[PDB]
Amino acid sequence: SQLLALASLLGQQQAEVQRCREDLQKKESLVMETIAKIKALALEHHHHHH
Amino acid sequence: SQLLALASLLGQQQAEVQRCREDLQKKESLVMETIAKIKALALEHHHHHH
Amino acid sequence: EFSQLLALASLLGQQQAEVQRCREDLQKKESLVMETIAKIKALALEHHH
Amino acid sequence: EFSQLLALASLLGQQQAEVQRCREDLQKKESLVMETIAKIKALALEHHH
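Residues numbered from 1 in each chain as written, not as in the entry; some residues may be left out. Chains lettered and ligands numbered in written order. Heavy atoms only, no water. Residues with missing side-chain atoms left out of burial classes, pairs and counts.

Trainee: Would you take a moment to explain the overall build of chain A for this structure?
Mentor: Along its length, chain A carries 1 helix and 0 strands. Against the 2.2 N^0.38 benchmark of 10 Å for 50 residues, chain A shows a C-alpha radius of gyration of 22 Å, more extended than a compact globule. By its C-alpha atoms, chain A is 75 × 10 × 5 Å across when sized along the principal axes. (Helix = DSSP H or I, 4+ residues; strand = E, 2+ residues; numbered from the N terminus. Rg over C-alpha atoms; globule rule 2.2 N^0.38 Å.)

Shown next as structure tokens:
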């Protein structure tokens, strides 16, 4: 039936969405670690002088 | 110093980003569960007849 | 009878619309972060070169 | 000397640009999912009403 083809395609397309989402969340975590590094560095330059 | 104010603002703004991201990921998981329910239902209607 | 599937498809549209709304909120909040980052970078460039 | 901070700020721009590129990819792949969902819903509406 056409339902079988669409359900198979939906499962494959949803699997591609999850693969893309997991790759995106990893790159988002990399951005967060970089931002936290900039914040800690700015706090170092502040408390070092003052 | 101005570095202290910007670092404090950055930490607060980054905290708001993480709160929004965690809320978004929960709503994304709800979409995934609904899609998986539609796929399983379409497979039921297929194998029930055929 | 596909009433349960149609009810889930109707709910999916509401859920997806909320996801896109939250994604717009995340973009605006991330832009504010990058605005503060640019202020920190401009301060760093002044006292370094 | 803010060389380490400036180097991290330069890396952040590359990382953020990749995040936005991946978000565009996710939107296109999600739209394909919703296209198949609409085909399933149209099939369901035909055999239900």
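Trainee: Honestly, the packing of helix α1 (residues 2–49) of chain A against helix α1 (residues 3–46) of chain D in this entry has me stumped. Any pointers?
Mentor: Two packed helices can be described by the angle between their axes and the distance between those axes. Where α1(A) meets α1(D), the axes come as close as 8 Å, and the angle between the chain directions of the two elements is 160°. In terms of their interaxial angle, α1(A) and α1(D) are classed as roughly antiparallel. As α1(A) runs across α1(D), the sense of the crossing is left-handed. For the contact of α1(A) with α1(D), a count of residues per class yields 26 nonpolar, 8 polar and 12 charged. (Axes fitted to C-alpha atoms, helices over the stretch in contact; angles between N-to-C directions. Parallel < 35°, antiparallel > 145°, perpendicular 65-115°, else oblique. Left-handed = near helix turned anticlockwise from the far one by under 90°. Nonpolar A, V, L, I, M, F, W, Y, C, P; charged D, E, K, R; others polar.)

Trainee: Before we go on, may I ask you to explain the interface of chain A and chain D in this structure?
Mentor: The parts lose accessible area when they come together, and the size of an interface is often stated as this lost area. Counting residues at the interface gives 24 residues for chain A, matched by 25 residues for chain D. The residue inventory of the side of chain A that touches chain D, partitioned by class, reads 13 nonpolar, 5 polar and 6 charged. (Contact = heavy atoms within 4.5 Å.)

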